Amino acid sequence: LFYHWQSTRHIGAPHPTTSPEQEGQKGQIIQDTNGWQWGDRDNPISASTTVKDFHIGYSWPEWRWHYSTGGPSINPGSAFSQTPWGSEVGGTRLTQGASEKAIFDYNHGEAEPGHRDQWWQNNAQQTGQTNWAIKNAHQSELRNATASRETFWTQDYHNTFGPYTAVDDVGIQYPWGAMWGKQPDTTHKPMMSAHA
Amino acid sequence: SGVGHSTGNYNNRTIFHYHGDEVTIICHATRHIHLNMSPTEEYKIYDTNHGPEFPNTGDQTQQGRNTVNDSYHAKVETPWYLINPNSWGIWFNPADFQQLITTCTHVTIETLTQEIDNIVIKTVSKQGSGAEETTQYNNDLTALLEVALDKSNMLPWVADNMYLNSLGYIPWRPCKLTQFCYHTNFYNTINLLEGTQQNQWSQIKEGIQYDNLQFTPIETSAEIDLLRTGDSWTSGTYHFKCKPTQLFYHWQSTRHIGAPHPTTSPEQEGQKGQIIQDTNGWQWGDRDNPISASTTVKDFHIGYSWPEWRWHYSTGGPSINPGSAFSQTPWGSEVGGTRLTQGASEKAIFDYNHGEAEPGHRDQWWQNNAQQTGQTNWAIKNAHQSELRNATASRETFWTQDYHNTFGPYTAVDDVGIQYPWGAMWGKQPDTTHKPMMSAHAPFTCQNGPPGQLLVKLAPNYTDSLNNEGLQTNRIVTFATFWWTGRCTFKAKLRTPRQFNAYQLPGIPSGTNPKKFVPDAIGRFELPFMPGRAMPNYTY
Amino acid sequence: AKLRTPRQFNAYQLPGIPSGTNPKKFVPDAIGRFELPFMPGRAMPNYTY
Amino acid sequence: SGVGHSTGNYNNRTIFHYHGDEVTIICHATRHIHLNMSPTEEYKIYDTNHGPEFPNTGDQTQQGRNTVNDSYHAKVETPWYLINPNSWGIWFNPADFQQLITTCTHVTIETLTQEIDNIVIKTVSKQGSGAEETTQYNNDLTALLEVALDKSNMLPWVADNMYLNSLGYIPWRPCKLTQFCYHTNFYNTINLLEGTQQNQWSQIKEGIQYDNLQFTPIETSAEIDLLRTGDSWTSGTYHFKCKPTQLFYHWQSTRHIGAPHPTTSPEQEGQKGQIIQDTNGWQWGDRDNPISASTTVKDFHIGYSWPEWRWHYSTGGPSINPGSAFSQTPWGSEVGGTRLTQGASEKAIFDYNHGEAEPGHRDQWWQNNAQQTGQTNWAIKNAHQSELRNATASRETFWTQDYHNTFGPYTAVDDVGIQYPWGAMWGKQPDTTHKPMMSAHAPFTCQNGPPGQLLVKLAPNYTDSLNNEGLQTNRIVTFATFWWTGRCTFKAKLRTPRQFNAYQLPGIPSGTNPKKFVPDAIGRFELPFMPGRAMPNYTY
Amino acid sequence: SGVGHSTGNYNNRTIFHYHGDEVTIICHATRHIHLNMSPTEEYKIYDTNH
């Protein structure tokens, strides 16, 4: 019944820093520390390159149109919120993270009889699980120096779901959410359900 | 016994007992902690600089390449200190660990206990003109040490060994604590696509989010024990439940597992067995001829390609999303150049206290990790072709560059395994609907809650005038030293030889000079790295 | 369901009606027509790790 | 255990247990008190100035309007200090209180216990020329702390939270005690009618009355416990007997309670239901037509008009005689102007120690209290007419201005309810033939005697020469710090939803910025006000 | 009871019970359905517009 605000950056030991004496001031990052790092980096020691034993959320192509027998259809992504980015209700209204919209009749809680209304759950409270694939990058070698113009790519659009990732279901939804759902009989059942 | 009676005792040893089928390891560790008076007595919440190499706003040279470094965050700073034995180097003597990876296939943790005694608290009194001032250290028979341990894990974790901040690895040196502080939500989100050319970067959101911010003091979470000198403290036995981690490395790939492709044995030496033209076997696709060992069917695959190095720009991001743990030694990579960082490769910076020889100097390692092969999938070297048929693919329909995630239901992979001395031992499991399947850096992930964190603070002693002014010189300067004796018991099943010829037994890294691992004239020495994962074995 | 206990010092933001919505639309009207509110939820923050 | 053994322990938490029909709340609190040497060791009795704004005699400008401020009194000053946990902020964490007013309809107190350990007493020795003097704090292993608690309540009360003088609301800060002193009779009586124009003022009687004066030392009233360092102390469990206080606010008035006047429902929206001309019902007076909902009979009335603000000039007077607790928000009153103070409206000044952000700064609140409506009777808005008949009253026989007390056998009213953090918890009941029916500021009024007061004094340490001279520098400067751990258990029956649509749940005040209630970069933060009385409910 | 006797009953409520460590929620719901005669009595299989 609770939402997670933490990301891979919010989980861990914070990078050691020097506390501010006056307010307001910002604690300066300590130059010389000792800690694990990914790759060959020794200096600078960063909180981005620091090792962590799991990752939160995963990038996904969106919106995937699967052309199947009977297709096309949408293949869902993560449930994360776009409010950390520039998205707001009333514009620009980014639909990126898996975002459900509920059309409902007067019988289902619309005021006007014989009229239609919608909702579009954002869902604004899930942050830190937010991975929006257009904003991402990969570089060939991880070293003290920053990457060259070549060997640094940003555009894809690739599935980062893996054995390390940890993610959240959309959770229950009221009034219009489903309660239970059927489990398909296949050799590999889904690990977690999208809407149910 | 309060004064003049010693409560604690010194035991630092590890002992093995073989039942003939399985080993029981009981390792004791005891350290002398030097605890100092807290800088401020009040909790704080503040925001930080981005980092040393992060660009000043408006620097478009290097585009968004240099933005990866922050290292920006926001946290709540408690006036507490965290003594955590999460490193391997705490519990295992280098030679006592060498016997573990030699004689055992895999190991679990069972219990952990901790005891804090015996406390000594002193105060600093400086009397003199100043030019020739004389400090005098005299102990407070009545003064408090506050010991807070949360068995219910109400606090954020922040006990991971990373940013080493852990007890030293050398039993006779003193240890310094690190201050307990944890994160509060913030948005670092960085847009590196802004521009007409898409190259330029900017940061849209920064700063703390105070609406939903959670603030947990130590006082409300856990019950605190106030200890004077004659007092002792104990955490009670804590039982892990965790899966065993393998002590052996896998050399097999999808090519090394299976039935070898039938061939004609060589009559003379040296000669190579020729591949038999006409055989019968399963194949992928439409291939009948040639029957190959590359296209032959197999019911699982080993390792997976991954984009590297992935920079996830998240809330608080960027951050790295890890890949497989494989070694680059099958490719052209060597220490001393060209030193390919490709497979997930960890580098350990460590202080003199953590096994560097020079005092106040920094040293690094960079585990390769050279012994994991056959799990090696390096995405720049890979290809896919549209149709699999007898004829080789056309120039079109054959692609090589991506960079795509091949993790799937078929793949089988290995965790990095334990690491010595600097590796973490256990880790906390995040509560999400989908837990991670395997942990990157931590061998053990507690099924139930992790062992409670042990916080310690030196209770304040106030001068006669509390408020003055202005809060200037309110407390008398004070420090404490106490002894910490833990023990954790392990359980491991012992290895038996599966081969004819002699193994290469574990030990010191190959090129290193053995004199650096034994004390020096000044008395400074360094501990060796054991992988390990020091033995080969068969996957399939 | 197992009940929640406060894990923090300062006061939570408790669940309720969506922020911008006008409360009169969730209670019956002169004609008697009203709308039910959306609750997420997932209405409370917590610690993942 | 006397020296080097810690007697006490730190617990600060509150825990709930739901039995399915009722909640049991057990809240622990523990604080670190800094106690200082008493200014003088001897009791004193003296008379005081009137006040800052009180006129010098013979100032007839403003007439008797400015005489209200004194603030004049006479008292006996004991050399003792009073640690009283009478505030709500002591026991309840802001979030732990938010769960009380959310899930519970009303609450009682059951028990209270208190414990004082563990004592640390030091002395200040200043050695040096003076230009460069060096203080040295060294503890007295043999020195006394005097703990006096009167279970029989022989002393005057003076434990009311007003003039806050109470333990801090933040567990990790130190607390300072306030000195115990109480009133002795005096006559302040002020005549503001003296003159030919009746406007001028003068004071007829002033000063202490020594004939019947009562002087009660602490030594004769209660038994005193002398505690050295290794000693501990406990007050034993004290059981209240009190009535539950409602956690919900009433929106109904005499107009909102009843059967609504029959009307014709509107066909279209929006439209207003028209009042039905011909109905049958009871009415006051001789009215037949028009039948109104104002003149309709009802068997009780809600709220009462009161003269405000009444200044009672008494012996020792002036003083305010309170009115009803109602809110002015139905009228034009808003925070930020015009800010009508009419209904009984309390304003809380509080120190940094009590939840102000800035050290050594003052802040205020002024509870409105905006949520109590329908009890609102504001006497300037009211009228009475001689005869109640079909026709409206004549110009004569219809009056509007008074200003009269409408409290009577029919009226039904509400206490202010609990207040957080700064509200008092319990209060003493005066012994008179007619006890008050309901208390103004205190939620709980002990049926039997109130919980005994706990006084503490640091016993004097004398220099070798006691009498010299002249009484100059007789005692050695000394201070002490000890820990105080109370717990009080509560009992509350939990709320269940009585409505269809969603409630507005309690929380932070509406306009306030949430960053001020969580610690700052310096570490200074403020606690929020909860009314409460945070939920609506039906009176009738 | 077949005719002139009411078999069912109306309960629409939800009630909570706290055991001090865990909540037990029992929610009743009752609705009045208006059912109409089926358009055709026979099963059908057909294909649709895009």
# chains A, B, ... in the order shown; residues from 1 in each chain; ligands from 1

$ residues_around --residues "residue 391 (chain B)" --least-positions-apart "4" --cutoff "10 Å" --atoms "only C-alpha atoms" --output "list in words"
residues 287, 289, 290 and 387 of chain B

$ residues_around --residues "residue 28 (chain E)" --least-positions-apart "4" --cutoff "8 Å" --atoms "only C-alpha atoms" --output "PyMOL selection string"
chain E and resi 11-14

$ write_last_selection --atoms "C-alpha atoms" --output "PDB file, in the first residue's frame"
ATOM      1  CA  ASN E  11     -26.403  -5.844   3.545  1.00  0.00           C
ATOM      2  CA  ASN E  12     -23.950  -3.323   2.145  1.00  0.00           C
ATOM      3  CA  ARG E  13     -21.201  -2.435   4.648  1.00  0.00           C
ATOM      4  CA  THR E  14     -17.557  -3.041   5.433  1.00  0.00           C
TER       5      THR E  14
END

$ closest_atom_pairs --of "chain B" --to "chain A" --cutoff "6 Å" --atoms "only C-alpha atoms" --output "Markdown table"
| residue | atom | partner | partner_atom | distance |
| --- | --- | --- | --- | --- |
| B:47 | CA | A:26 | CA | 5.2 |
| B:48 | CA | A:27 | CA | 4.5 |
| B:49 | CA | A:28 | CA | 5.3 |
| B:51 | CA | A:29 | CA | 5.9 |
| B:66 | CA | A:146 | CA | 5.8 |
| B:69 | CA | A:46 | CA | 5.6 |
| B:71 | CA | A:47 | CA | 4.2 |
| B:158 | CA | A:13 | CA | 4.3 |
| B:162 | CA | A:35 | CA | 5.4 |
| B:163 | CA | A:35 | CA | 3.6 |
| B:164 | CA | A:35 | CA | 4.9 |
| B:183 | CA | A:10 | CA | 5.7 |
| B:308 | CA | A:138 | CA | 5.6 |
| B:309 | CA | A:138 | CA | 4.8 |
| B:310 | CA | A:138 | CA | 4.3 |
| B:311 | CA | A:137 | CA | 5.0 |
| B:312 | CA | A:136 | CA | 5.2 |
| B:313 | CA | A:136 | CA | 5.5 |
| B:314 | CA | A:131 | CA | 5.9 |
| B:315 | CA | A:128 | CA | 5.3 |
| B:316 | CA | A:9 | CA | 5.4 |
| B:318 | CA | A:48 | CA | 5.8 |
| B:319 | CA | A:48 | CA | 4.4 |
| B:341 | CA | A:39 | CA | 5.5 |
| B:345 | CA | A:39 | CA | 4.8 |
| B:346 | CA | A:38 | CA | 4.7 |
| B:347 | CA | A:37 | CA | 5.2 |
| B:348 | CA | A:36 | CA | 4.6 |
| B:349 | CA | A:34 | CA | 4.7 |
| B:350 | CA | A:34 | CA | 5.0 |
| B:432 | CA | A:168 | CA | 5.5 |
| B:433 | CA | A:168 | CA | 5.2 |
| B:434 | CA | A:167 | CA | 5.5 |
| B:435 | CA | A:166 | CA | 5.3 |
| B:436 | CA | A:164 | CA | 4.9 |
| B:437 | CA | A:163 | CA | 5.0 |
| B:438 | CA | A:163 | CA | 5.9 |
| B:439 | CA | A:53 | CA | 5.0 |
| B:440 | CA | A:53 | CA | 4.1 |
| B:441 | CA | A:53 | CA | 4.7 |
| B:442 | CA | A:53 | CA | 6.0 |

$ closest_atom_pairs --of "chain E" --to "chain C" --cutoff "7 Å" --atoms "only C-alpha atoms" --output "CSV"
residue,atom,partner,partner_atom,distance
E:21,CA,C:2,CA,6.3
E:22,CA,C:2,CA,4.0
E:23,CA,C:1,CA,4.9
E:24,CA,C:1,CA,6.3

$ interface_residues --of "chain B" --to "chain D" --cutoff "6 Å" --atoms "only C-alpha atoms" --output "list in words"
residues 2, 3, 42, 43, 44, 45, 46, 127, 141, 210, 211, 220, 223, 224, 225, 226, 227, 228, 229, 230, 231 and 464 of chain B

$ interface_residues --of "chain D" --to "chain E" --cutoff "6 Å" --atoms "only C-alpha atoms" --output "number ranges by chain"
D: 17-20

$ write_last_selection --atoms "C-alpha atoms" --output "PDB file, in the first residue's frame"
ATOM      1  CA  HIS D  17      -2.164  -1.868  20.547  1.00  0.00           C
ATOM      2  CA  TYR D  18      -5.582  -2.294  19.035  1.00  0.00           C
ATOM      3  CA  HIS D  19      -7.887  -4.773  20.700  1.00  0.00           C
ATOM      4  CA  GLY D  20     -10.275  -4.372  17.757  1.00  0.00           C
TER       5      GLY D  20
END

$ atom_distance --atom1 "CA of residue 262 (chain D)" --atom2 "CA of residue 372 (chain D)"
27.4 Å

$ residues_around --residues "residue 328 (chain B)" --least-positions-apart "4" --cutoff "8 Å" --atoms "only C-alpha atoms" --output "PyMOL selection string"
chain B and resi 332-333+340-343+368-370+373+376

$ write_last_selection --atoms "N, CA and C atoms" --output "JSON list (two decimals), in the first residue's frame"
[["chain", "number", "residue", "atom", "x", "y", "z"],
["B", 332, "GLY", "N", 42.15, -9.58, -25.83],
["B", 332, "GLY", "CA", 43.51, -9.09, -25.74],
["B", 332, "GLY", "C", 43.86, -8.41, -24.43],
["B", 333, "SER", "N", 42.98, -8.49, -23.44],
["B", 333, "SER", "CA", 43.18, -7.72, -22.21],
["B", 333, "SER", "C", 44.26, -8.33, -21.33],
["B", 340, "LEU", "N", 41.34, -4.02, -20.64],
["B", 340, "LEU", "CA", 39.95, -3.84, -21.01],
["B", 340, "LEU", "C", 39.07, -3.91, -19.76],
["B", 341, "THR", "N", 38.27, -2.87, -19.55],
["B", 341, "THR", "CA", 37.40, -2.75, -18.40],
["B", 341, "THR", "C", 36.04, -3.38, -18.63],
["B", 342, "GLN", "N", 35.85, -4.06, -19.77],
["B", 342, "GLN", "CA", 34.52, -4.33, -20.30],
["B", 342, "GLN", "C", 33.64, -5.07, -19.31],
["B", 343, "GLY", "N", 33.93, -6.34, -19.04],
["B", 343, "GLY", "CA", 33.13, -7.08, -18.09],
["B", 343, "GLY", "C", 33.07, -6.36, -16.76],
["B", 368, "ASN", "N", 39.93, -8.14, -12.03],
["B", 368, "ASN", "CA", 39.79, -8.24, -13.48],
["B", 368, "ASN", "C", 38.38, -8.60, -13.95],
["B", 369, "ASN", "N", 37.75, -9.69, -13.50],
["B", 369, "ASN", "CA", 38.30, -10.78, -12.70],
["B", 369, "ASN", "C", 38.68, -11.97, -13.58],
["B", 370, "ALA", "N", 39.98, -12.22, -13.67],
["B", 370, "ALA", "CA", 40.54, -12.93, -14.81],
["B", 370, "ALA", "C", 40.11, -14.38, -14.90],
["B", 373, "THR", "N", 35.76, -17.27, -17.24],
["B", 373, "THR", "CA", 35.74, -17.33, -18.68],
["B", 373, "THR", "C", 34.62, -18.27, -19.11],
["B", 376, "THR", "N", 31.91, -15.11, -20.76],
["B", 376, "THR", "CA", 32.28, -13.84, -21.36],
["B", 376, "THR", "C", 31.42, -13.60, -22.58]]

$ residues_around --residues "residue 76 (chain A)" --least-positions-apart "4" --cutoff "8 Å" --atoms "only C-alpha atoms" --output "short mmCIF file (atom, residue, chain, number, x, y, z; two decimals) with N, CA, C and O atoms, in the first residue's frame"
data_model
loop_
_atom_site.label_atom_id
_atom_site.label_comp_id
_atom_site.auth_asym_id
_atom_site.auth_seq_id
_atom_site.Cartn_x
_atom_site.Cartn_y
_atom_site.Cartn_z
N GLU A 62 9.54 2.19 -25.51
CA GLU A 62 8.16 2.62 -25.39
C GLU A 62 7.79 3.61 -26.47
O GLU A 62 8.55 4.53 -26.77
N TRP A 63 6.61 3.43 -27.05
CA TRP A 63 5.71 2.34 -26.68
C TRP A 63 5.83 1.18 -27.66
O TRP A 63 5.62 1.37 -28.85
N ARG A 64 6.16 -0.02 -27.18
CA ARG A 64 6.31 -1.14 -28.09
C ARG A 64 4.99 -1.59 -28.68
O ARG A 64 4.04 -1.90 -27.96
N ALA A 98 4.55 3.60 -17.89
CA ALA A 98 3.30 2.91 -18.20
C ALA A 98 2.17 3.65 -17.51
O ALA A 98 2.13 3.76 -16.29
N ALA A 194 0.77 -6.70 -14.55
CA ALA A 194 0.75 -5.28 -14.87
C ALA A 194 -0.39 -4.57 -14.17
O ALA A 194 -0.16 -3.76 -13.27
#

$ closest_atom_pairs --of "chain D" --to "chain C" --cutoff "10 Å" --atoms "only C-alpha atoms" --output "CSV"
residue,atom,partner,partner_atom,distance
D:14,CA,C:6,CA,9.8
D:15,CA,C:5,CA,8.5
D:16,CA,C:5,CA,8.4
D:18,CA,C:3,CA,9.9
D:92,CA,C:9,CA,9.8
D:93,CA,C:9,CA,6.1
D:94,CA,C:10,CA,5.5
D:95,CA,C:11,CA,4.1
D:96,CA,C:6,CA,6.5
D:97,CA,C:11,CA,8.5
D:98,CA,C:11,CA,6.6
D:99,CA,C:6,CA,8.1
D:102,CA,C:14,CA,9.4
D:265,CA,C:30,CA,8.5
D:266,CA,C:30,CA,7.0
D:267,CA,C:31,CA,7.2
D:268,CA,C:31,CA,6.7
D:269,CA,C:30,CA,5.7
D:270,CA,C:30,CA,6.5
D:271,CA,C:30,CA,7.4
D:272,CA,C:30,CA,8.5
D:273,CA,C:30,CA,9.4
D:500,CA,C:27,CA,8.7
D:501,CA,C:27,CA,6.6
D:502,CA,C:16,CA,6.8
D:503,CA,C:16,CA,7.2
D:504,CA,C:16,CA,6.6
D:505,CA,C:14,CA,6.2
D:506,CA,C:14,CA,7.3
D:507,CA,C:13,CA,6.6
D:508,CA,C:11,CA,7.2
D:514,CA,C:11,CA,9.5
D:517,CA,C:10,CA,6.9
D:518,CA,C:10,CA,6.6
D:519,CA,C:10,CA,9.6
D:526,CA,C:10,CA,9.8
D:527,CA,C:10,CA,8.0
D:528,CA,C:11,CA,8.2

$ select_by_dssp --residues "region 21-225 of chain D" --states "strand (DSSP E or B)" --output "ChimeraX atom specification"
/D:23-36,44-47,74-82,87,104-116,120-127,134-139,145-150,174-176,178-183,186,190-191,202-203,208,224-225

$ write_last_selection --atoms "C-alpha atoms" --output "tab-separated table (two decimals), in the first residue's frame"
chain	number	residue	atom	x	y	z
D	23	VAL	CA	-6.62	1.40	21.51
D	24	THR	CA	-4.01	1.23	24.27
D	25	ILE	CA	-1.26	3.82	23.92
D	26	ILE	CA	1.98	3.48	25.89
D	27	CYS	CA	4.31	6.42	25.36
D	28	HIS	CA	7.82	6.62	26.81
D	29	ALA	CA	9.80	9.81	27.17
D	30	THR	CA	13.32	10.38	28.43
D	31	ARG	CA	15.20	13.65	28.73
D	32	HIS	CA	18.61	14.92	29.77
D	33	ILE	CA	18.27	17.66	32.38
D	34	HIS	CA	21.01	20.18	33.14
D	35	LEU	CA	20.55	21.25	36.76
D	36	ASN	CA	22.48	24.15	38.23
D	44	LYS	CA	12.22	34.38	50.20
D	45	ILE	CA	8.96	36.34	50.12
D	46	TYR	CA	8.71	39.55	48.15
D	47	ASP	CA	6.47	41.86	46.14
D	74	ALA	CA	3.57	38.63	45.39
D	75	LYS	CA	5.11	35.22	45.95
D	76	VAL	CA	7.38	32.99	48.01
D	77	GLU	CA	10.48	31.87	46.13
D	78	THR	CA	11.75	28.43	47.04
D	79	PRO	CA	15.25	27.28	46.06
D	80	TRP	CA	13.84	24.29	44.18
D	81	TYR	CA	13.22	23.30	40.58
D	82	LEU	CA	10.14	21.71	39.04
D	87	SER	CA	2.70	19.30	27.94
D	104	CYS	CA	-9.42	7.56	17.54
D	105	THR	CA	-12.62	9.33	18.60
D	106	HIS	CA	-11.61	10.08	22.19
D	107	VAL	CA	-8.93	9.23	24.73
D	108	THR	CA	-8.25	8.99	28.47
D	109	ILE	CA	-5.07	8.91	30.55
D	110	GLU	CA	-4.51	5.92	32.81
D	111	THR	CA	-1.10	5.95	34.52
D	112	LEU	CA	2.08	7.97	34.90
D	113	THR	CA	5.48	6.87	36.22
D	114	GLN	CA	8.73	8.77	36.57
D	115	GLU	CA	12.33	7.80	37.25
D	116	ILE	CA	15.39	9.94	37.92
D	120	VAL	CA	26.37	13.22	37.44
D	121	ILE	CA	27.57	16.09	39.64
D	122	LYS	CA	30.63	18.19	38.83
D	123	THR	CA	32.33	21.27	40.25
D	124	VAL	CA	34.00	24.22	38.55
D	125	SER	CA	37.57	25.02	39.57
D	126	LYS	CA	39.06	28.11	37.93
D	127	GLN	CA	42.85	28.26	38.25
D	134	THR	CA	41.51	27.81	32.80
D	135	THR	CA	38.34	26.22	34.16
D	136	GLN	CA	38.50	22.56	35.12
D	137	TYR	CA	35.39	20.43	35.50
D	138	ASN	CA	35.93	17.51	37.87
D	139	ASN	CA	33.14	15.45	39.34
D	145	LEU	CA	20.88	15.50	44.68
D	146	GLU	CA	17.68	16.15	46.62
D	147	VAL	CA	14.48	14.73	45.14
D	148	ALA	CA	11.23	15.80	46.78
D	149	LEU	CA	7.87	14.52	45.57
D	150	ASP	CA	4.65	15.25	47.45
D	174	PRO	CA	19.01	19.22	26.91
D	175	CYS	CA	16.42	20.72	29.22
D	176	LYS	CA	16.62	23.53	31.77
D	178	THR	CA	12.42	26.46	36.16
D	179	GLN	CA	12.39	27.54	39.78
D	180	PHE	CA	9.49	26.51	42.01
D	181	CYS	CA	7.62	29.43	43.56
D	182	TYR	CA	4.01	30.13	44.43
D	183	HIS	CA	1.65	32.92	45.46
D	186	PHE	CA	-2.09	40.28	48.38
D	190	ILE	CA	-7.90	48.87	41.36
D	191	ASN	CA	-10.69	51.45	41.21
D	202	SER	CA	-6.61	54.73	41.10
D	203	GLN	CA	-5.43	51.79	43.20
D	208	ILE	CA	1.19	41.63	50.91
D	224	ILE	CA	13.16	14.19	50.55
D	225	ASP	CA	15.48	11.62	49.00

$ decode --residues "region 421-438 of chain D" --atoms "N, CA and C atoms" --output "PDB file, in the first residue's frame"
ATOM      1  N   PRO D 421       1.716  21.079  20.106  1.00  0.00           N
ATOM      2  CA  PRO D 421       2.411  20.434  21.219  1.00  0.00           C
ATOM      3  C   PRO D 421       2.177  21.094  22.566  1.00  0.00           C
ATOM      4  N   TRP D 422       1.814  22.374  22.557  1.00  0.00           N
ATOM      5  CA  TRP D 422       1.975  23.224  23.727  1.00  0.00           C
ATOM      6  C   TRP D 422       0.849  23.116  24.736  1.00  0.00           C
ATOM      7  N   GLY D 423      -0.178  22.323  24.479  1.00  0.00           N
ATOM      8  CA  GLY D 423      -1.276  22.252  25.411  1.00  0.00           C
ATOM      9  C   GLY D 423      -0.881  21.544  26.688  1.00  0.00           C
ATOM     10  N   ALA D 424      -1.534  21.922  27.777  1.00  0.00           N
ATOM     11  CA  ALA D 424      -1.417  21.155  29.000  1.00  0.00           C
ATOM     12  C   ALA D 424      -2.153  19.836  28.846  1.00  0.00           C
ATOM     13  N   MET D 425      -1.799  18.874  29.687  1.00  0.00           N
ATOM     14  CA  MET D 425      -2.432  17.567  29.651  1.00  0.00           C
ATOM     15  C   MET D 425      -3.488  17.418  30.734  1.00  0.00           C
ATOM     16  N   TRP D 426      -3.103  17.534  31.994  1.00  0.00           N
ATOM     17  CA  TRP D 426      -4.023  17.423  33.107  1.00  0.00           C
ATOM     18  C   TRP D 426      -4.007  18.714  33.904  1.00  0.00           C
ATOM     19  N   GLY D 427      -5.002  18.868  34.763  1.00  0.00           N
ATOM     20  CA  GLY D 427      -5.050  20.022  35.633  1.00  0.00           C
ATOM     21  C   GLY D 427      -5.667  19.644  36.957  1.00  0.00           C
ATOM     22  N   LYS D 428      -5.404  20.476  37.950  1.00  0.00           N
ATOM     23  CA  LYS D 428      -5.904  20.257  39.292  1.00  0.00           C
ATOM     24  C   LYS D 428      -7.302  20.830  39.420  1.00  0.00           C
ATOM     25  N   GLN D 429      -8.105  20.201  40.266  1.00  0.00           N
ATOM     26  CA  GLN D 429      -9.468  20.634  40.487  1.00  0.00           C
ATOM     27  C   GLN D 429      -9.524  21.419  41.783  1.00  0.00           C
ATOM     28  N   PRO D 430      -9.957  22.674  41.779  1.00  0.00           N
ATOM     29  CA  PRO D 430      -9.984  23.440  43.025  1.00  0.00           C
ATOM     30  C   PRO D 430     -11.009  22.863  43.978  1.00  0.00           C
ATOM     31  N   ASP D 431     -10.723  22.946  45.273  1.00  0.00           N
ATOM     32  CA  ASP D 431     -11.687  22.463  46.250  1.00  0.00           C
ATOM     33  C   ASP D 431     -12.566  23.634  46.656  1.00  0.00           C
ATOM     34  N   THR D 432     -13.791  23.615  46.159  1.00  0.00           N
ATOM     35  CA  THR D 432     -14.824  24.568  46.491  1.00  0.00           C
ATOM     36  C   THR D 432     -16.115  23.777  46.550  1.00  0.00           C
ATOM     37  N   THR D 433     -17.163  24.396  47.072  1.00  0.00           N
ATOM     38  CA  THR D 433     -18.430  23.691  47.113  1.00  0.00           C
ATOM     39  C   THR D 433     -18.970  23.436  45.715  1.00  0.00           C
ATOM     40  N   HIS D 434     -18.734  24.350  44.785  1.00  0.00           N
ATOM     41  CA  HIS D 434     -19.129  24.176  43.395  1.00  0.00           C
ATOM     42  C   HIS D 434     -17.868  24.076  42.552  1.00  0.00           C
ATOM     43  N   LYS D 435     -17.567  22.882  42.074  1.00  0.00           N
ATOM     44  CA  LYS D 435     -16.450  22.720  41.172  1.00  0.00           C
ATOM     45  C   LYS D 435     -16.846  23.184  39.778  1.00  0.00           C
ATOM     46  N   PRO D 436     -15.879  23.574  38.956  1.00  0.00           N
ATOM     47  CA  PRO D 436     -16.199  23.912  37.571  1.00  0.00           C
ATOM     48  C   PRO D 436     -16.792  22.715  36.846  1.00  0.00           C
ATOM     49  N   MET D 437     -17.703  23.001  35.921  1.00  0.00           N
ATOM     50  CA  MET D 437     -18.354  21.939  35.170  1.00  0.00           C
ATOM     51  C   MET D 437     -17.472  21.423  34.047  1.00  0.00           C
ATOM     52  N   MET D 438     -16.671  22.298  33.451  1.00  0.00           N
ATOM     53  CA  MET D 438     -15.761  21.953  32.374  1.00  0.00           C
ATOM     54  C   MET D 438     -14.579  22.908  32.428  1.00  0.00           C
TER      55      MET D 438
END
